[PDB]
Amino acid sequence: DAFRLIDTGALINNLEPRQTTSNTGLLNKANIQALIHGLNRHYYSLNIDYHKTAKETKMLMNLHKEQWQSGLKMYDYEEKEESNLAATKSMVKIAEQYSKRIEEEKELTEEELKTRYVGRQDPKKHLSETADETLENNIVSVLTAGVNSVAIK
Amino acid sequence: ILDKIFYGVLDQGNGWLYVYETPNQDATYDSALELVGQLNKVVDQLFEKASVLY
Amino acid sequence: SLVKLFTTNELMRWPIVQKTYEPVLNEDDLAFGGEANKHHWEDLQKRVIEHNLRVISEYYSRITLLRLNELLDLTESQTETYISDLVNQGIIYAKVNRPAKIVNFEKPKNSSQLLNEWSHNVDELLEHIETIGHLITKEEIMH
Amino acid sequence: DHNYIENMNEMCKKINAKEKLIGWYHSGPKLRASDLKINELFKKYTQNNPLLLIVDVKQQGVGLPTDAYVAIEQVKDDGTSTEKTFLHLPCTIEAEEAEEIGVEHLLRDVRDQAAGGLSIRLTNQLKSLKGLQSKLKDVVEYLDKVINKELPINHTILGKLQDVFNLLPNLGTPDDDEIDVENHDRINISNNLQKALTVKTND
Amino acid sequence: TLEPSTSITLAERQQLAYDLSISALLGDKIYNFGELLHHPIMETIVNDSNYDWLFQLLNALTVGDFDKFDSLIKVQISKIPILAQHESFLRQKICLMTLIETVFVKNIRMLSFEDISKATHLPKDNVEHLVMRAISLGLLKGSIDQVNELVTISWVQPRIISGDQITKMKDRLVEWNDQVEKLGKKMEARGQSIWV
């Protein structure tokens, strides 16, 4: 945060509005009590913006030589095996919760439905997210193996 | 062989004993049967609930 | 020359090494020499044949049984007995076929094993074309 | 101005006395064999071989604009009576905790070196092929010049290419059979998961 | 690192060169026969009486001609008694040289035993000794299958890259350029919708 003194003289004659003229008025007001008291009775707090050239931006942004090469680098295959097995197993356990849920859960009063049938930590949604993340990955996995084989030989 | 303690097969007309020490079948495919298995129960339930709409 | 022989992987044949060391090392007492010691000289053969087998498993992945019997200068049945005994000690991993056709020395390749190795081969070529390029930049400077 | 370097240095150590002189940056574009002499000057001050870190300021391409080179004196099999030379060294980038958070605060891009979702990585597979092609092409036209335009026979370059041909993949190996087993596994799991999403949306 | 000074007498310079060649014949892992000719030490005097039979043995080994080795060897073994006492070492080098040459230039990484036997002018019994000796020296690594009568190499030791060979590399890479390239096109075209 950045600050610039105010003169006591300004505050005594109540001439302080001069310093806060023609502005958007966005002031950080985080931190109060003694700190804020001191600030109001001594300095003025105003915004900080960060300006940078696009030359600077690009140098920083650029990463490794091996960055643009990585797609033919591939995971060790013992880990892909492990991952395939973990996902099939996990969904099974949340699927139990989901079957129990739609036994009933067609009455009334929203919040009660969620406590009765464990609609909190909702199983349908948590399952839909895991199922898809794993599905997309497995497309990437195959894609790399086939390409590696064929491109090189 | 039948107890399973070397679990192989006896080739009678060639009078040789084949021994295979391969453990039980791949885990991954079996775990798929369990996942698909649940899903059938999910669908039966889904149709009853949906009967009201039809 | 004896110790280095038994720790090198050149194939040595019992009937040959025998004649060699008879007028030199067998004269010397202890282990060889005397009458008690001549009943120690005998065991030496065994040690040799079993050191040949250990090398042979690693180098020849498939070898015919018959060739092995000539090389070790042993009868077939005997040869078969020593192989079984060696697999037992766990030194080597082998599959012996009693119809006396072929002896297969094999290392189980689980699916992972071949794939991971192959993984490394692909990665290293990627690294090689990039590095080869770095040193090519330099050659332009020199010319 | 030699003297300047010593005067600057002592104030700088007060700030942080961990730091030591280790070499010099050169503002590119590109290596010179006049640098060999330059390097030697710095070596007087330094207790380690000075690093010549060519930070190229022209930022050509999106690839790293650092090559690193160190002056080493080595003997060589050709006949040369000791050669003095600059050997390429691998350049990577690491940033501190303090530094890293500055990089991310600055950036406002969507990013695409993230290699995150199906979309970024979809691009990334194509990007790598063409990445390779450009490099490969450079190797190829360079080989023509060696046996036609009398660029020296640099035995090191050729020597390295042998590993590439020896460790090149092969088909009809029982590895190839192995890849097919894996391919079936991954498509298999893909289908069970595909059906599983059909159920959720239908609810 | 030899002083550029020519103060070291020509007689001394040749004499030492001579020694290297003799060692290299009788060695077991040296294939720098070509290296010597690319170094000044031999390069500048190639007319001397000593440098007839001697250079010729070396070029004999390189191409793996056993008829050329035989003829020379009869004469030379007599002249120098060193080669007589190391008769076995000298006989082996021609054989070793030839098996590795053939494995390098052949692009397939398996070769039948029959090819080696005729190539090397040795019976088939002697093939199994030679591959075994070679894996042990570490010149090559691989496996021996007697039931497909193949020897599968999996590693080759670095070698000088002759002129002719520089041309070969270019060829393998040109072919691999086209493989990369044709593949990239399909994949550029398909899935056009998404590259963002």
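Scoring rules and cut-offs
- Residues numbered from 1 in each chain as written, not as in the entry; some residues may be left out.
- Chains lettered and ligands numbered in written order.
- Part of a larger assembly, values for the part shown.
- Heavy atoms only, no water.
- Helix = DSSP H or I, 4+ residues; strand = E, 2+ residues; numbered from the N terminus.
- Buried < 20%, exposed > 50% of the residue type's maximum accessible area, 1.4 Å probe, protein only.
- Contact = heavy atoms within 4.5 Å.
- Areas by Shrake-Rupley, 256 points an atom, 1.4 Å probe, with all protein chains shown as cover.
- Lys, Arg positive; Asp, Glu negative; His and termini not counted.
- Charge placed at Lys NZ, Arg CZ, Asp CG, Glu CD.
- Expected span 1.5 Å × (residues − 1).
- Polar contact = N/O pair within 3.5 Å; in protein donor to acceptor, adjacent residues only side chain to side chain.
- Patch = residues over 30% accessible without salt bridge, like charges linked within 9 Å, V, L, I, M, F, W, Y side chains within 5 Å.
- Salt bridge = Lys/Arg side-chain N within 4 Å of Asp/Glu carboxyl O.
- Buried area = accessible area lost by both parts, 1.4 Å probe.
- Pairing = 2+ DSSP bridges.
- Right-handed = clockwise from strand over helix to strand, strands pointing away.
- Nonpolar A, V, L, I, M, F, W, Y, C, P; charged D, E, K, R; others polar.

- Per the deposited record, the coordinates in this entry were obtained by cryo-EM to a resolution of 4.5 Å.

- The name the PDB entry assigns to chain C is 26S proteasome regulatory subunit RPN5, from the organism Saccharomyces cerevisiae.
- The PDB lists this entry under the title "26S proteasome in presence of ATP (s2)".

- The PDB entry lists chain B under the name 26S proteasome regulatory subunit RPN6, with Saccharomyces cerevisiae given as the organism.

**Topic: the overall build of chain C**
- The helix and strand inventory of chain C stands at seven helices and three strands.
- Each helix (α) and strand (β) of chain C, taken in turn from the N terminus, gives the series α-α-α-α-β-α-α-β-β-α.
- The principal-axis extents of the C-alpha atoms in chain C amount to approximately 75 × 45 × 25 Å.
- In chain C, buried positions account for 38% of the 143 residues.
- For chain C, the proportion of contacts with a sequence separation of at least 24, taken over those separated by at least 6, is 45%.
- A total of about 8,100 Å² of accessible surface is found on chain C, and carbon and sulfur atoms cover 53% of it.
- The distance from the centre of the 15 positive side-chain charges to the centre of the 23 negative ones in chain C is 7 Å.

**Points about helix α6 (residues 123-152) of chain A**
- The terminal C-alpha atoms of α6 of chain A, which comprises 30 residues, lie 44 Å apart, in line with the 44 Å expected from a rise of 1.5 Å per residue.
- One side-chain oxygen of the residue at the start of α6 of chain A lies 3.1 Å from the amide nitrogen of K124 of chain A, identifying that residue as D122 of chain A.

**Quick word on a nonpolar patch on the surface**
Residues and elements named next belong to chain B.
- Where nonpolar side chains cluster on the molecular surface, the patch consists of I1, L10, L17 and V19 and spans about 360 Å² of accessible area.
- Mapped onto the elements of the fold, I1 is located in the segment before β1 (9-11).
- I1 sits in the partly exposed class, given a relative accessible area of 39%.

**A few points about the interface of chain B and chain A**
- In this assembly, 11 residues from chain B lie in contact with 12 residues from chain A.
- When the two sides are added together, the surface that chain B and chain A hide from each other amounts to roughly 1,200 Å², 66% of it contributed by carbon and sulfur.
- Among the residues of chain B in contact with chain A, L35, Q38 and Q45 of chain B are the three that bury the most area, contributing 41% of the side total.
- For the pair chain B and chain A, the number of links is one salt bridge.

**Quick look at the pairing of strand β1 (residues 23-26) of chain D**
Residue and element names in this part refer to chain D.
- Judged from the four bridges that link them, β1 and strand β2 (residues 51-55) form a sheet pairing that is parallel. What sits directly across from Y25, in β2, is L53.
- For the crossover from β1 across helix α2 (residues 35-45) to β2, the handedness is right-handed.

**Looking at the interface of chain A and chain D**
- At the interface, 49 residues of chain A touch 49 residues of chain D.
- Across the chain A/chain D interface, buried area totals approximately 4,600 Å², and carbon plus sulfur atoms make up 62% of it.
- When residues of chain A are sorted by the area they lose upon contact with chain D, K65, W68 and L135 of chain A head the list and together hold 14% of the total.
- Close ionic contact of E136 of chain A with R121 of chain D constitutes a salt bridge, the shortest N to O distance being 3.8 Å.
- Run the count over chain A and chain D and you get nine residue pairs in polar contact.
- Counting only elements with at least two residues in the side of chain A that touches chain D, the list comes to α3 (54-61), α4 (77-101) and α6 of chain A.
- Among the elements that take part in the side of chain A that touches chain D, α6 of chain A stands out by supplying 21 residues, more than any other.
- Tallied by class, residues from the side of chain A that touches chain D come to 23 nonpolar, 16 polar and 10 charged.

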